A.B. asks: 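Quick one: the structure is below, questions incoming.
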Amino acid sequence: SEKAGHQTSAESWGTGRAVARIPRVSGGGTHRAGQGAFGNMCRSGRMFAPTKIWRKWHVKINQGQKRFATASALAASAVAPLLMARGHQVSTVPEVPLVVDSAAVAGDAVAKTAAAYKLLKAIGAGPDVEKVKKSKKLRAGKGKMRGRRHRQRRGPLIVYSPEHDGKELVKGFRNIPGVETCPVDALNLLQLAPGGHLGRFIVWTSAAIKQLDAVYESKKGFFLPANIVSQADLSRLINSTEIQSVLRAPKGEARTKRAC
Amino acid sequence: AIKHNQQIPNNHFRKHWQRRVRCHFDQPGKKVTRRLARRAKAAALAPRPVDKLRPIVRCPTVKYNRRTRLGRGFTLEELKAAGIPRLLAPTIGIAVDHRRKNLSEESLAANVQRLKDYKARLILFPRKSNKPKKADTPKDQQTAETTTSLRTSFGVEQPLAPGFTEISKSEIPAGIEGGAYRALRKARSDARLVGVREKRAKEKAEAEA
Amino acid sequence: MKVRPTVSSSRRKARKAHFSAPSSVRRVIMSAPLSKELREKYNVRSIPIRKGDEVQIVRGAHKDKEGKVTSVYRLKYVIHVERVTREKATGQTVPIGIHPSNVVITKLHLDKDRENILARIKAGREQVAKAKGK
RNA sequence: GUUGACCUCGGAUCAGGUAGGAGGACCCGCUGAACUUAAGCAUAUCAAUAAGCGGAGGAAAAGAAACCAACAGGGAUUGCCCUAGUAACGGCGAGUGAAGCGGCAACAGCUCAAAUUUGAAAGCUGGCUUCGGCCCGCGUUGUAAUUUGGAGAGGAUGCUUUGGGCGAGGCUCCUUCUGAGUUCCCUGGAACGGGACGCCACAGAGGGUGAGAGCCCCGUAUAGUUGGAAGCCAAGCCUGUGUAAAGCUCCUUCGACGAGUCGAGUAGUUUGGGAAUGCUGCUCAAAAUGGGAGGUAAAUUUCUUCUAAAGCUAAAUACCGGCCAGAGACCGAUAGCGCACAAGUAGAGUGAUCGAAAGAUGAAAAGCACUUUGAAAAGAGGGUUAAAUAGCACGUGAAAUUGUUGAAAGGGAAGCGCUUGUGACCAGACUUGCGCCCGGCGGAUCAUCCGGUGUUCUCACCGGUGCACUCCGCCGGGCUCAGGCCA
RNA sequence: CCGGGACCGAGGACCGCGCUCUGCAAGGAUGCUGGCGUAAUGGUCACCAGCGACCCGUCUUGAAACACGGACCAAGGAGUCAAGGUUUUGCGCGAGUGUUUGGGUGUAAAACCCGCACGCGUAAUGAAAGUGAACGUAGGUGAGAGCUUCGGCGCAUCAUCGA
RNA sequence: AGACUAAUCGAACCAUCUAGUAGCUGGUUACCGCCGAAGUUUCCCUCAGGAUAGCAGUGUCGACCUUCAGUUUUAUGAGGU
RNA sequence: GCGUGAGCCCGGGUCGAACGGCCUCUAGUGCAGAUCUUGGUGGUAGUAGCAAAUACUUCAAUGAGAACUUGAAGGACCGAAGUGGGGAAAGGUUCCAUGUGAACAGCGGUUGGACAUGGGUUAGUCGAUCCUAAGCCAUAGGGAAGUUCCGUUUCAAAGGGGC
RNA sequence: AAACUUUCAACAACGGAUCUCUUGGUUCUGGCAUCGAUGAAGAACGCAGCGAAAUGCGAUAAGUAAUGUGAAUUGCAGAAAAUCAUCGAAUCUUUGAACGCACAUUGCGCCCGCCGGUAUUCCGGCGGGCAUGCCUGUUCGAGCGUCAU
Ligand SMILES: [Mg+2]
Ligand SMILES: [Mg+2]
Ligand SMILES: [Mg+2]
Ligand SMILES: [Mg+2]
Ligand SMILES: [Mg+2]
Ligand SMILES: [Mg+2]
Ligand SMILES: [Mg+2]
Ligand SMILES: [Mg+2]
Ligand SMILES: [Mg+2]
Ligand SMILES: [Mg+2]
Ligand SMILES: [Mg+2]
Ligand SMILES: [Mg+2]
Ligand SMILES: [Mg+2]
Ligand SMILES: [Mg+2]
Ligand SMILES: [Mg+2]
Ligand SMILES: [Mg+2]
Ligand SMILES: [Mg+2]
Ligand SMILES: [Mg+2]
Ligand SMILES: [Mg+2]
Ligand SMILES: [Mg+2]
Ligand SMILES: [Mg+2]
Ligand SMILES: [Mg+2]
Ligand SMILES: [Mg+2]
Ligand SMILES: [Mg+2]
Ligand SMILES: [Mg+2]
Ligand SMILES: [Mg+2]
Ligand SMILES: [Mg+2]
Ligand SMILES: [Mg+2]
Ligand SMILES: [Mg+2]
Ligand SMILES: [Mg+2]
Ligand SMILES: [Mg+2]
Ligand SMILES: [Mg+2]
Ligand SMILES: [Mg+2]
Ligand SMILES: [Mg+2]
Ligand SMILES: [Mg+2]
Ligand SMILES: [Mg+2]
Ligand SMILES: [Mg+2]
Ligand SMILES: [Mg+2]
Ligand SMILES: [Mg+2]
Ligand SMILES: [Mg+2]
Ligand SMILES: [Mg+2]
Ligand SMILES: [Mg+2]
Ligand SMILES: [Mg+2]
Ligand SMILES: [Mg+2]
Ligand SMILES: [Mg+2]
Ligand SMILES: [Mg+2]
Ligand SMILES: [Mg+2]
Ligand SMILES: [Mg+2]
Ligand SMILES: [Mg+2]
Ligand SMILES: [Mg+2]
Ligand SMILES: [Mg+2]
Ligand SMILES: [Mg+2]
Ligand SMILES: [Mg+2]
Ligand SMILES: [Mg+2]
Ligand SMILES: [Mg+2]
Ligand SMILES: [Mg+2]
Ligand SMILES: [Mg+2]
Ligand SMILES: [Mg+2]
Ligand SMILES: [Mg+2]
Ligand SMILES: [Mg+2]
Ligand SMILES: [Mg+2]
Ligand SMILES: [Mg+2]
Ligand SMILES: [Mg+2]
Ligand SMILES: [Mg+2]
Ligand SMILES: [Mg+2]
Ligand SMILES: [Mg+2]
Ligand SMILES: [Mg+2]
Ligand SMILES: [Mg+2]
Ligand SMILES: [Mg+2]
Ligand SMILES: [Mg+2]
Ligand SMILES: [Mg+2]
Ligand SMILES: [Mg+2]
Ligand SMILES: [Mg+2]
Ligand SMILES: [Mg+2]
Ligand SMILES: [Mg+2]
Ligand SMILES: [Mg+2]
Ligand SMILES: [Mg+2]
Ligand SMILES: [Mg+2]
Ligand SMILES: [Mg+2]
Ligand SMILES: [Mg+2]
Ligand SMILES: [Mg+2]
Ligand SMILES: [Mg+2]
Ligand SMILES: [Mg+2]
Ligand SMILES: [Mg+2]
Ligand SMILES: [Mg+2]
Ligand SMILES: [Mg+2]
Ligand SMILES: [Mg+2]
Ligand SMILES: [Mg+2]
Ligand SMILES: [Mg+2]
Ligand SMILES: [Mg+2]
Ligand SMILES: [Mg+2]
Ligand SMILES: [Mg+2]
Ligand SMILES: [Mg+2]
Ligand SMILES: [Mg+2]
Ligand SMILES: [Mg+2]
Ligand SMILES: [Mg+2]
Ligand SMILES: [Mg+2]
Ligand SMILES: [Mg+2]
Ligand SMILES: [Mg+2]
Ligand SMILES: [Mg+2]
Ligand SMILES: [Mg+2]
Ligand SMILES: [Mg+2]
Ligand SMILES: [Mg+2]
Ligand SMILES: [Mg+2]
Ligand SMILES: [Mg+2]
Ligand SMILES: [Mg+2]
Ligand SMILES: [Mg+2]
Ligand SMILES: [Mg+2]
Ligand SMILES: [Mg+2]
Ligand SMILES: [Mg+2]
Ligand SMILES: [Mg+2]
Ligand SMILES: [Mg+2]
Ligand SMILES: [Mg+2]
Ligand SMILES: [Mg+2]
Ligand SMILES: [Mg+2]
Ligand SMILES: [Mg+2]
């Protein structure tokens with residue numbers, strides 16, 4: 001509150017009364033009289049530098065950088081080691097860029113949670129869904145008083161084409177814990193890299209996979225970035241003939257014997 | 001107290017600025033409210049477009065002289081030339097501006113053609129369905145794909161003139177005789193010296209008597 | 001997950017409403033399930049408990065005890081069951097407060113009002129089932 | 001001559017009405033500081049702010065140009081972005097500081113004075129009235145119709161225009177109704193915990209229930225539905241009718257347009273407004289293509305742009321003051337509002353005013369019957385509870401400080417560092433593990449071969465074979481190797 | 001050249017210098033033996049003993065000060081936030097760059113998408129009217145990393161003479 | 001008598017402006033590692049304070065160029081203690 | 001037990017419902033001081049002290065308990081400008097009866113202006129009420145932006161008697 | 001050697017820190033526009049079977065009517081719903097802008113009507129009225145201000 005700690009008429013007593021020069025509540029007949037009133041070190045006083053609403057709560061991010069981050073997260077989602085390192089259960093997933101026929105989700109095919117659950121189990125997201133189900137815990141903080149009562153892991157993210165698949169699949173997948181859906185044309189970085197960690201497990205539909213290229217071609221002012229390296233296999237580069245044939249002979253070994 | 005090589009500070013915070021800080025945490029909520037109001041007014045104007053027809057207008061100053069935009073309303077002369085009565089124009093979605101004038105045939109003709117296209121595309125339902133008049137759409141061409149946004153369907157087609165154009169050689173115009181730079185210098189000098197030359201000429205003319 | 005703007009998921013508000021609800025709202029709050037036989041008979045799952053109902057306790061230290069509801073202390077959100085009692089130091093017998101959600105109704109006190117209730121619930125449930133089965 | 005008019009001015013507890021106060025977060029005005037900054041201080045700044053006064057609403061205010069401009073011209077008001085920390089102001093110091101254009105949100109236009117209805121005050125308040133009208137009064141010192149500069153008035157001219165009633169159907173509103181375990185086992189006082197087996201999910205938001213409950217209960221999702229009131233919109237229908245009124249196309253002519261007002265001087269204040277931006281006081285005091293403005297004072301000559309001195313008007317904008325509602329990377333009883341509680345309370349002051357402290361037994365009072373000692377408070381037994389060292393001085397229960405018990409030291413402080421000693425009390429390490437021979441027991445693969453799969457394509461696995469001078473394991477004996485502490 | 005004593009044993013296959021060369025005292029300790037295998041070693045605490053040891057914080061040239069504050073304990077308690085500026089990090093795009101005033105859209109304060117204008121930059125200079133940037137392969141000289149066909153080509157940058 | 005004006009008088013009390021300003025006093029909260037000062041110059045109504053240069057840290061970059069030096073030697077000037 | 005250290009981990013006891021590690025994000029994030037704030041608690045310390053107003057004593061009753069309860073007796077003081085009997089202001093139930101654990105009566109307490117439960121204030125003649133005083137507030141008017149100021153009979157058409 | 005002081009430990013005190021909790025704050029966002037002479041806000045005094053306060057209410061007083069729900073309230077007692085929700089009908093003490101004049105007084109008046117005491121006049125009981133500024137209208141008036149007979 002703007003007026004917290006200031007709703008008093010306290011004045012300092014000055015020196016010469018053997019008390020500190022802090023402002024003191026005037027009057028009598030109550031415990032409050034004669035007590036320090038205004039400083040940050042005083043009980044019932046004003047906090048130091050009271051928090052203001054005009055703090056910079058939001059962060060402006062370049063749209064180009066947002067689109068790079070989204071593209072990088074999408075690329076990381078296609079790497080199986082990254083999914084496991086992010087904690088997804090993908091040992092039974094048939095293929096890392098997991099694509100399910102849009103005929104299995106289109107219209108009212110998975111409009112019911114039972115049907116959606118059966119489809120996820122069939123395609124191999126069942127272990128991840130069960131991991132989310134079993135991970136539910138009570139929060140350790142004071143967020144229990146503030147509405148964040150339970151914590152749980154993230155599950156598969158279902159990406160679909162709303163133009164071709166409809167939106168009944170959203171209702172079908174809504175109630176399964178840890179499973180969230182996103183239209184292919186509105187991909188969210190907060191979901192593609194939860195907590196800033198890359199490798200979200202994604203279940204695509206065939207229509208969404210078909211539409212992804214057009215989605216990225218329709219972005220005005222953005223082109224997919226060119227990497228600063230061409231070959232990421234450092235072992236291949238270093239142990240290729242082109243490099244190894246011009247090196248000088250090694251001047252030592254991994255271990256050096258002690259001479260003196 | 002400056003201490004190094006600093007730009008001289010001039011932050012106007014010597015009043016009690018905190019008393020008048022305007023944050024904007026209500027930006028998304030206000031956008032939602034605006035969208036709701038737009039939807040409600042569009043529903044109220046059920047078959048009509050949500051806006052009025054506006055004329056093409058040239059921005060005033062020597063800056064922005066090159067660009068056109070939408071104006072407030074059509075002039076009385078433009079309405080008369082298009083054949084739309086003054087009292088009938090605002091009741092069929094046409095904005096009327098009584099204080100704008102048509103100083104140029106180009107603007108007059110452009111706005112008249114705009115009004116004529118709008119009138120050609122207008123579908124006028126009868127006041128009473130059971131007795132349509134001769135000025136209303138006769139119930140057969142009353143079904144068509146309509147537009148609800150005149151600002152988009154009747155926008156400024158090209159605010160600026162085309163910046164690129166190709167002409168064949170030997171059609172290249174001959175330059176100003178003394179050159180463009182000299183011509184500008186001469187025009188400037190004449191504008192500067194118009195008054196002095198005038199007074200000198202009249203003085204020399206009257207010197208005889 | 002809640003969607004409707006009129007619904008609030010505030011723990012503080014929910015607790016305040018529950019613990020300051022008026023008597024008529026506390027009546028609905030203190031509902032109890034019907035037995036399997038009554039549920040099959042009436043096509044009704046739960047009903048607000050009433051004095052004179054016959055219940056069986058299915059939770060707590062007094063499980064399997066049956067008896068008639070002798071009082072519905074809304075102010076304390078409890079019911080009193082016949083012969084489900086305790087002894088003070090003086091040996092005087094006092095009833096033990098049982099939450100209605102910890103009991104099942106084995107026999108209902110039925111009068112037209114208590115029944116218009118059951119008919120409304122049955123008709124609503126049957127209609128909802130039919131509409132979902134369309 | 002008196003009465004009778006009308007002109008002013010009065011009476012009445014005459015008939016009917018209206019205003020005050022509250023609220024004042026936001027809004028419209030008036031009035032109006034100083035602290036402060038200038039490293040002093042007076043102009044300046046704080047600030048056209050605080051305090052004081054008057055007046056409204058859900059918004060207020062502003063508002064349809066006596067505008068901006070100088071362009072190829074824009075076109076009521078308001079607000080956001082930008083213009084722009086710019087033009088400018090300023091002991092030209094400190095510091096201050098707009099506007100036009102441009103993009104957007106929202107868009108809405110209008111009515112009076114100034115004219116003769118003059119072939120008919122055609123207008124209005126009040127009372128009575130069957131509803132047709134009547135009467136009084138207001139009003140000609142002007143109430144209606146027409147007209148508002150975008151014009152209009154007057155004429156031509158031929159076209160064109162209009163009033164009422166339903167109304168399916170839809171959107172609202174109130175109301176009835178909503179899926180699934182309390183199945184088995186263990187812990188527990190109590191499962192809402194763990195394990196097993198199931199179910200619902202457009203509902204796995206939230207809360208309660210004796211501990212972390214989608215399926216025990218309230219609720220939660222979804223469009224539906226039961227009954228009802230009738231609030232809105234509305235496709236389309238039904239039906240009057242041109243005396244009257246209304247628009248357009250042309251036109252000689254006419255074409256009313258706001259005065260102690262504009263403007264000027266001076267004074268004060270204010271502004272970025274600078275030979276004077278607005279406002280106000282005083283003095284002077286207009287005109288009719290006149291007048292204002294065109295950011296340098298003046299005369300002269302042009303040009304541009306509007307048309308003051310009368311008035312109304314949604315929206316986009318401010319505001320959490322009031323009434324509701326939803327939320328949070330907020331605080332968590334010295335925090336968060338002064339107030340989580342009979343808090344603006346108790347209490348203080350003559351008064352204006354000042355103004356606290358203070359949440360938690362337990363799932364359930366089951367809040368300790370009874371015996372005994374005591375004058376009593378209480379104690380000791382006993383009882384309740386999962387628990388009483390949870391007993392209304394009640395969850396947990398720190399430190400300061402204190403009592404008892406045990407150990408120790410102490411010839412005018414104590415504490416502390418390095419280093420032994422004594423006494424007390426302790427953590428580790430070890431109590432084996434590797435191999436190799438000689439016996440016993442058990443088993444079936446141990447090599448090889450055949451077939452089938454996999455895979456890193458030559459390396460394995462699985463079956464069939466093997467079948468005891470193999471292989472594996474467990475005991476018993478001997479030997480080897482290493483392995484603790486101090487020397 | 002012979003003795004007597006003390007402290008220490010870092011490293012962990014070979015590799016090397018070498019010598020008195022079947023080996024060695026030569027690029028860092030091994031061999032043999034004994035007692036015990038537990039409070040024995042060792043740690044902790046209390047006390048005695050030898051030596052040492054002024055009360056902290058602060059201002060100050062100088063504090064143990066006869067300088068000030070501090071009886072004790074628990075909890076609270078002091079470089080924050082916003083705007084503007086600057087330099088240096090890390091990013092994206094790059095002669096451009098900046099979506100989020102606004103609009104569209106949404107699983108609804110999120111995320112996603114859109115563009116006109118505008119800001120900054122792309123040109124300076126003068127008070128202003130105004131004018132406004134190639135003689136050269138965008139110059140010559142000396143350096144200059146790196147390349148080089150080994151003759152010079154010469155980045156950044158510095159000094160210098162010019163346009 | 002600068003006396004008295006509610007224990008308050010060389011200008012009462014209450015609330016607010018107000019968290020008034022202070023070149024002045026006091027305080028300013030975990031650890032380790034590396035580097036490491038100044039009380040001097042010029043200007044200031046400057047003398048208990050600032051700016052300015054110096055001393056210090058950090059971050060770099062350049063070919064870290066074959067140069068640099070609180071030093072000696074040699075050769076050659078100046079000085080008035 | 002680990003770490004140079006801030007600290008981290010474990011054993012035992014108490015206790016009763018939530019909590020932690022890792023990588024990022026975030027801040028109202030680390031106390032011995034500020035004559036710091038609030039609260040609590042010490043030594044001093046069973047210490048200073050409880051000494052103005054002449055003063056108490058005997059027997060009995062009551063009671064667990066009697067110097068400060070009561071009865072009787074004695075001895076004393078106030079000595080009619082009283083320590084007497086009634087009032088004004090002010091207080092508000094302190095008045096009366098009954099009962100009484102704790103707290104208060106700076107010792108005690110059976111007693112009390114304390115605590116608890118019940119009662120108690122009767123007016124034509126006593127006061128208020130009526131009158132006017134100093135004075136205050138209206139009105140008519142006049143000022144003031146206004147809250148309001150003056151005005152009290154003043155530049156006012158301001159009433160009461162009968163048939 | 002005790003006592004005393006100090007140190008260390010266990011238990012017991014004192015005190016209320018720590019942990020956990022939260023029908024409370026704080027901040028943001030969304031919807032809405034509704035006080036009063038038809039007497040508001042605020043104040044006082046009263047009202048329950050057993051209440052001091054808080055909450056609610058006004059002599060119809062912990063509330064009445066009406067509608068909805070459908071069996072309680074609860075500390076005890078009592079009885080045949082409810083300390084329920086909703087809320088369109090009422091009641092609404094003394095006050096307060098506060099209005100007969102006053103008020104530091106439960107003070108002092110006047111008018112109309114009714115009912116009693118022999119009563120138009122006095123007394124008593126009851127009910128309804130009596131403020132100011134201003135507007136419109138009504139009626140009664142004033143003025144050689146003025147017009148005709
Ligand atoms: Mg506080
Ligand atoms: Mg200030
Ligand atoms: Mg009247
Ligand atoms: Mg009146
Ligand atoms: Mg008012
Ligand atoms: Mg100053
Ligand atoms: Mg100063
Ligand atoms: Mg001064
Ligand atoms: Mg000012
Ligand atoms: Mg004010
Ligand atoms: Mg509005
Ligand atoms: Mg208005
Ligand atoms: Mg006009
Ligand atoms: Mg114009
Ligand atoms: Mg405009
Ligand atoms: Mg000026
Ligand atoms: Mg200013
Ligand atoms: Mg614009
Ligand atoms: Mg009438
Ligand atoms: Mg349900
Ligand atoms: Mg059990
Ligand atoms: Mg629970
Ligand atoms: Mg279980
Ligand atoms: Mg639950
Ligand atoms: Mg005019
Ligand atoms: Mg004037
Ligand atoms: Mg002027
Ligand atoms: Mg003037
Ligand atoms: Mg002046
Ligand atoms: Mg002024
Ligand atoms: Mg002026
Ligand atoms: Mg000019
Ligand atoms: Mg006007
Ligand atoms: Mg006007
Ligand atoms: Mg207006
Ligand atoms: Mg508090
Ligand atoms: Mg406390
Ligand atoms: Mg407080
Ligand atoms: Mg008081
Ligand atoms: Mg407690
Ligand atoms: Mg026990
Ligand atoms: Mg305990
Ligand atoms: Mg306990
Ligand atoms: Mg406790
Ligand atoms: Mg202690
Ligand atoms: Mg010593
Ligand atoms: Mg030792
Ligand atoms: Mg085999
Ligand atoms: Mg030892
Ligand atoms: Mg020692
Ligand atoms: Mg010494
Ligand atoms: Mg000194
Ligand atoms: Mg010192
Ligand atoms: Mg000394
Ligand atoms: Mg000193
Ligand atoms: Mg000092
Ligand atoms: Mg001291
Ligand atoms: Mg705390
Ligand atoms: Mg602390
Ligand atoms: Mg910054
Ligand atoms: Mg640009
Ligand atoms: Mg220029
Ligand atoms: Mg080179
Ligand atoms: Mg004197
Ligand atoms: Mg006083
Ligand atoms: Mg005095
Ligand atoms: Mg004074
Ligand atoms: Mg004061
Ligand atoms: Mg050093
Ligand atoms: Mg000077
Ligand atoms: Mg000093
Ligand atoms: Mg000499
Ligand atoms: Mg000399
Ligand atoms: Mg518990
Ligand atoms: Mg802090
Ligand atoms: Mg402390
Ligand atoms: Mg310190
Ligand atoms: Mg203290
Ligand atoms: Mg003390
Ligand atoms: Mg003594
Ligand atoms: Mg004494
Ligand atoms: Mg004595
Ligand atoms: Mg005495
Ligand atoms: Mg006795
Ligand atoms: Mg005595
Ligand atoms: Mg005497
Ligand atoms: Mg005597
Ligand atoms: Mg006398
Ligand atoms: Mg007496
Ligand atoms: Mg007396
Ligand atoms: Mg008196
Ligand atoms: Mg008495
Ligand atoms: Mg007694
Ligand atoms: Mg005593
Ligand atoms: Mg006593
Ligand atoms: Mg007593
Ligand atoms: Mg007694
Ligand atoms: Mg008493
Ligand atoms: Mg008398
Ligand atoms: Mg009287
Ligand atoms: Mg009188
Ligand atoms: Mg007066
Ligand atoms: Mg007056
Ligand atoms: Mg020690
Ligand atoms: Mg305690
Ligand atoms: Mg806590
Ligand atoms: Mg009333
Ligand atoms: Mg009255
Ligand atoms: Mg009245
Ligand atoms: Mg009196
Ligand atoms: Mg009388
Ligand atoms: Mg009579
Ligand atoms: Mg009478
Ligand atoms: Mg009366
Ligand atoms: Mg009358
Ligand atoms: Mg007369």
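Values below: all heavy atoms of this structure, side chains included; hydrogens, waters and symmetry mates excluded. Chain identifiers are assigned alphabetically (A, B, ...) following the order of the sequence lines, protein sequences preceding nucleic acid strands; residue numbering begins at 1 within each chain.
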A.B. asks: Check every strand shown and say whether B:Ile2 touches a base, only sugar-phosphate, or nothing at a heavy-atom separation below 4.0 Å.
C.D. replies: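 B:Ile2: backbone/sugar contact only, no base atoms under 4.0 Å.
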A.B. asks: Can you see if the side chain of B:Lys15 gets near the phosphate of D:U37 - specifically, an N or O under 4.0 Å from OP1 or OP2?
C.D. replies: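 Answer is no, no contact under 4.0 Å.
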A.B. asks: Does F:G70 have its sugar in the north or the south range once you look at the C1'-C2'-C3'-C4' torsion?
C.D. replies: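 On the sign test, where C1'-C2'-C3'-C4' is negative, F:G70 is classed south.
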A.B. asks: Looking at H:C108 opposite H:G100, are both of their pairing distances below 3.5 Å, so that they form a Watson-Crick or G-U wobble pair?
C.D. replies: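 H:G100 matches H:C108 under the WC/wobble rule.
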A.B. asks: Closest nucleotide of RNA chain H for C:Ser24 versus for A:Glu2: which of these residues is on the 5' side?
C.D. replies: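 Closest to the 5' end, via its nearest nucleotide, is A:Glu2.
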A.B. asks: Please check F:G59 against G:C68: Watson-Crick or G-U wobble, both distances under 3.5 Å.
C.D. replies: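 Given the Watson-Crick and G-U criteria, G:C68 is not paired with F:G59.
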A.B. asks: Could you classify D:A298 for me, syn or anti, using a glycosidic angle within 90° of 0 as syn?
C.D. replies: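 Classified anti.
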A.B. asks: Under the side chain to side chain contact (heavy atoms under 4.5 Å, CB included) test against C:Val103, which residue among C:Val69, C:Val58, C:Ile79 passes?
C.D. replies: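 Per the side chain to side chain contact (heavy atoms under 4.5 Å, CB included) rule, the option paired with C:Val103 is C:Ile79, out of C:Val69, C:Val58, C:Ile79.
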A.B. asks: Given the structure, check if the side chain of A:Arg21 and the base of F:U25 hold any donor-acceptor pair shorter than 3.5 Å.
C.D. replies: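 Check passes, donor-acceptor contact within cut-off.
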A.B. asks: By the 4.0 Å heavy-atom rule, please label B:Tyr64 as base, sugar-phosphate, or nothing.
C.D. replies: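 Base contact.
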A.B. asks: Under a 3.5 Å rule for both distances, is H:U5 the Watson-Crick or G-U wobble partner of D:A409?
C.D. replies: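 Answer is yes for this nucleotide pair.
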A.B. asks: Could you check whether B:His12 and the base of D:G85 form a stacked pair, meaning centres closer than 5.5 Å and planes differing by less than 30°?
C.D. replies: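 Taking the rule of under 5.5 Å and under 30°, the ring of B:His12 does stack on D:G85.
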A.B. asks: Stacking between E:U80 and A:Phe48, yes or no? Criterion: centroid separation under 5.5 angstrom, plane angle under 30 degrees.
C.D. replies: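 Here A:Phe48 fails the 5.5 Å or the 30° condition.
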A.B. asks: Based on the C1'-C2'-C3'-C4' dihedral, does E:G152 have a north or a south sugar?
C.D. replies: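 With a negative torsion about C1'-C2'-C3'-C4', the sugar belongs to the south class.
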A.B. asks: Would you say the base of D:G328 and the side-chain of A:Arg148 have a donor-acceptor pair closer than 3.5 Å?
C.D. replies: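 Not at all, since no donor on one side and acceptor on the other fall under 3.5 Å apart.
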A.B. asks: With both distances under 3.5 Å required, do E:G146 and E:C153 pair Watson-Crick or G-U wobble?
C.D. replies: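 Pair flag for E:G146 and E:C153 is true.
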A.B. asks: Ignoring hydrogens and angles, are the base of E:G27 and the side chain of A:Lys257 linked by a donor-acceptor pair under 3.5 Å?
C.D. replies: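 Indeed, a donor on one side and an acceptor on the other fall under 3.5 Å apart.
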A.B. asks: H:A71, D:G224, G:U37: which one has an atom nearest the side-chain heavy atoms of A:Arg24?
C.D. replies: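 My answer, after comparing the listed nucleotides, is G:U37.
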A.B. asks: Reckon A:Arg55 touches a base, only the sugar-phosphate, or nothing at all at heavy-atom distances under 4.0 Å?
C.D. replies: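 Sugar-phosphate only.
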A.B. asks: Taking atom types as modelled, is there a side-chain donor on C:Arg74 or C:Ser23 under 3.5 Å from an acceptor on the other?
C.D. replies: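 Checked: C:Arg74/C:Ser23 side chains pair up, N/O donor to acceptor below 3.5 Å.
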A.B. asks: Under 4.0 angstrom, heavy atoms only, what part of the nucleic acid is A:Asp185 near: base, sugar-phosphate, or nothing?
C.D. replies: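 Counting heavy atoms under 4.0 Å across all strands, the contact made by A:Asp185 is with sugar-phosphate only.
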A.B. asks: Regarding B:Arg19 and B:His16, do their side chains bring together a donor and an acceptor under 3.5 Å, going by distance alone?
C.D. replies: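 The criterion, which ignores hydrogens and geometry beyond distance, is satisfied for B:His16 and B:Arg19.
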A.B. asks: Going by Watson-Crick or G-U wobble geometry, both distances under 3.5 Å, is E:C19 a partner of E:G23?
C.D. replies: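 Taken together, E:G23 and E:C19 make a base pair (Watson-Crick or G-U wobble, both distances under 3.5 Å).
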A.B. asks: Does D:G258 pair with D:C124 as Watson-Crick or G-U wobble, both distances under 3.5 angstrom?
C.D. replies: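 WC or G-U pairing between D:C124 and D:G258: no.
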A.B. asks: Looking at every strand, decide which applies to B:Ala1 at a 4.0 Å heavy-atom threshold: base, sugar-phosphate, or nothing.
C.D. replies: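 It contacts nothing in the nucleic acid.
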A.B. asks: From the set E:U107, D:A369, E:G98, return the single nucleotide nearest to any side-chain atom of A:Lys60.
C.D. replies: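 Shortest atom-to-atom distance from the side chain points to E:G98.
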A.B. asks: Applying a 4.0 Å non-hydrogen cut-off, can you work out what A:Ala18 is touching in the nucleic acid: base, sugar-phosphate, or nothing?
C.D. replies: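 Base contact.
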A.B. asks: C:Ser23 or C:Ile117: which one's nearest nucleotide on RNA chain H is closer to the 5' end?
C.D. replies: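 The answer here is C:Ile117.
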A.B. asks: Looking at D:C337, D:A221, E:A78, which one has an atom nearest to any side-chain atom of A:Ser1?
C.D. replies: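 Nearest nucleotide to the side chain: D:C337.
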A.B. asks: Base, sugar-phosphate, or nothing: which does B:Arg35 touch, judged by heavy atoms less than 4.0 Å apart?
C.D. replies: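 Base, at least one base atom sits under 4.0 Å.
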A.B. asks: Under a 4.0 Å threshold between the charged nitrogen and the carboxylate oxygen, would B:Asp26 count as salt-bridged to B:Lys31?
C.D. replies: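 Here B:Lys31 does not pair with B:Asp26 in a salt bridge, since their nearest N and O are not under 4.0 Å apart.
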A.B. asks: Establish whether the base of D:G212 is bridged to the side chain of A:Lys144 by a donor-acceptor pair shorter than 3.5 Å.
C.D. replies: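 Looking at the base of D:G212, it does not pair with any donor or acceptor on the side chain of A:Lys144 (distance under 3.5 Å).
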A.B. asks: Is any side-chain heavy atom of A:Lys133 less than 4.5 Å from a side-chain heavy atom of A:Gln152?
C.D. replies: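 Heavy-atom side-chain distance check fails, nothing below 4.5 Å.
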A.B. asks: Can you confirm whether D:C323 and D:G139 pair in Watson-Crick or G-U wobble fashion, both distances under 3.5 Å?
C.D. replies: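 When the criterion is applied, D:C323 and D:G139 do not count as a base pair.
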A.B. asks: Between A:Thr15 and A:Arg32, just flag the one whose closest nucleotide in RNA chain G comes earlier from the 5' side.
C.D. replies: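 Its nearest nucleotide being more 5', the pick is A:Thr15.
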A.B. asks: Using the aromatic ring of B:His98 (for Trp, its six-membered ring), decide whether it stacks on the base of D:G150 within the limits of 5.5 Å and 30°.
C.D. replies: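 Here the ring of B:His98 and the base of D:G150 are stacked, with centres under 5.5 Å and planes under 30°.
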A.B. asks: Side-chain N or O of A:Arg67 versus OP1/OP2 of E:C112: is the shortest distance under 4.0 Å?
C.D. replies: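 For E:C112, neither OP1 nor OP2 has a side-chain N or O of A:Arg67 closer than 4.0 Å.
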A.B. asks: Would you measure the distance from the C1' atom in G:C10 across to the matching atom in D:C215 and give it in whole Å?
C.D. replies: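 To the nearest whole Å, 44 Å.
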